[PDB]
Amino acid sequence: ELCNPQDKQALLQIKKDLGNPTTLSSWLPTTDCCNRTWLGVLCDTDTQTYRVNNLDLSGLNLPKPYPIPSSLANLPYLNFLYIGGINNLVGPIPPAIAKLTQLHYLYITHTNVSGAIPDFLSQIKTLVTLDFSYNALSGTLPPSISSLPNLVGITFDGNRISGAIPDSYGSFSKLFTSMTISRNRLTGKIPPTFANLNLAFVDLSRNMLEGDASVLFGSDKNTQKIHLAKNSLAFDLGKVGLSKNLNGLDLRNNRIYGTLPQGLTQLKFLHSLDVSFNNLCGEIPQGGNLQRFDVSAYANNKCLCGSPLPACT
């Protein structure tokens, strides 16, 4: 068989550790795990070792609750590990994951995994992305993952993470382009060290963040989407520069004040804008795509005026 004997043992042991769920019926010990018959299993055809390097465990409908099996550590060539959509997957992210020294893409999402995001992830230097969104993880953000040199994005939305964003989160590499931690309980200020990032996408909405967020703006940035709605941010919006690439700006339900920046007129691709429920004042800049928007994009501010709103006096 193409399948490596230890990989096969590890897969069947993982299946066992998950209670032998019927959804993994295709994992038959009598069949070659490298033939595409085994649901969610792919082997390395690029190096032609055919070691299992891509594992997808999704929607398994476990009959009882099970933790993440530590037998995952016996697939040492995993490059991609997706564990998602499993209500009866429970317990913390286990240190066995730290033995996957070739892991590039890691997803543990839409489960009941709990506990803290572990700092041992900082040891997996090959990591490109981490997605731990929509579980029940708690505690604070692990500061050490800022040292990961290949990391391009983190997706931590929808958990119970608290505390402040570490100052170390300004130290991600220039490869780091995506940061989403929305729907948590983050408090405090966005660190000034974020001046050192150049994010295509940032989503810190629905937290308890306070203060200035100007450090996420800049005409020099290559930024597509800025999502900061439903915080208690407060700063003078009229002073910020805007990336030429910006297509989405969502600042709804904060305490941002000042006038809208005239640079909004020069944004060719701005297709989504919501600055409603803030403390903005003055004439809406006339030009660009600003007049395409519904009045509800600008509603509930302090003293805004101008099309699409009634004209200024």
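The first residue of the sequence shown is number 1, and the count goes up from there.
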| item | value |
| --- | --- |
| Comparing 63-71 with 246-254, the one whose average Cα B-factor in the PDB entry is higher | 63-71 |
| Greater mean Cα temperature factor according to the PDB record, 23-31 or 275-283 | 23-31 |
| Deposited CA B-factor, highest of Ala195, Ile83, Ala213, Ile226 | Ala195 |
| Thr47 CA temperature factor, ranked by third within the chain | highest |
| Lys221 by Cα B-factor - lowest, middle or highest third of the modelled chain | middle |
| Position of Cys303 among the chain's modelled residues by C-alpha B-factor, lowest, middle or highest third | highest |
| Record-listed C-alpha B factor of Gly238: chain third | highest |
| Cα B factor band for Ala10 (lowest, middle or highest third within the chain) | middle |
